[PDB]
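Taking the form deposited in one PDB entry, here's one chain by itself in structure tokens.
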């Protein structure tokens, strides 16, 4: 934001109760929702209609961010949260990391964390200890989704590099948390 011009609901949510391993995710896009991309406006405390997805492709898992984090790209750490039923847009969930999906787009690197709810919240996912426990068919779907959903956004492209584990996820959380407080 420009000098001249520069002259709550989200930013007051703790990044996590016990970082980096125990963190909070505000949901922006439910799994399987109609192909509209919402992005939290953290100044306004509201979800903003970002884009009607050109390919009409839908998020195969829930999509959100960790409040009070600032990633290298200037946005909060992004998280995919797997659940047995879609989560409400604008809700918050206690989560734990399984790893990450490494990718780069026309603008630089872009990693999305892969997460599940805390075990007490979601017993259905407690079995998932790391990225490699996530079913092959689903990891494939997610990789395909990121490779293709922006196929019809002019000037954009996405390349998926592959997966990473929990340390890598935690470093991302660690650094994002740091950056947000300068």
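Between two forms, the rigid core is defined as the largest C-alpha subset superposing within 1.5 Å. Positions refer to the first chain, counted from 1.
Beyond the structure shown, there is the form deposited in another entry, which is absent from this document and is the topic of what follows.
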### C-alpha displacement of 2 Å or more between the shown form and the other one on the rigid core, among 29, 66, 40, 114
40
### Query
Comparing between the shown form and the other one on the rigid core, is the C-alpha shift at residue 132 2 Å or larger?
no
### Task
Classify residue 123 as shifted (yes) or not shifted (no) between the shown form and the other one, where shifted means its C-alpha moves by 2 Å or more with the rigid core superposed.
no
### Message
If the two forms are fitted on the core, does residue 144 show a Cα displacement reaching 2 angstroms between the shown form and the other one?
### Response
no
### Query
Do residue 48 and residue 63 have their C-alpha atoms closer or farther apart in the other entry than here, with the shift being 3 angstroms or more?
farther
### Task
Quick one: in the other entry, is the Cα gap between residue 175 and residue 41 smaller or bigger than here? Answer closer or farther; it shifts by 3 Å or more.
farther
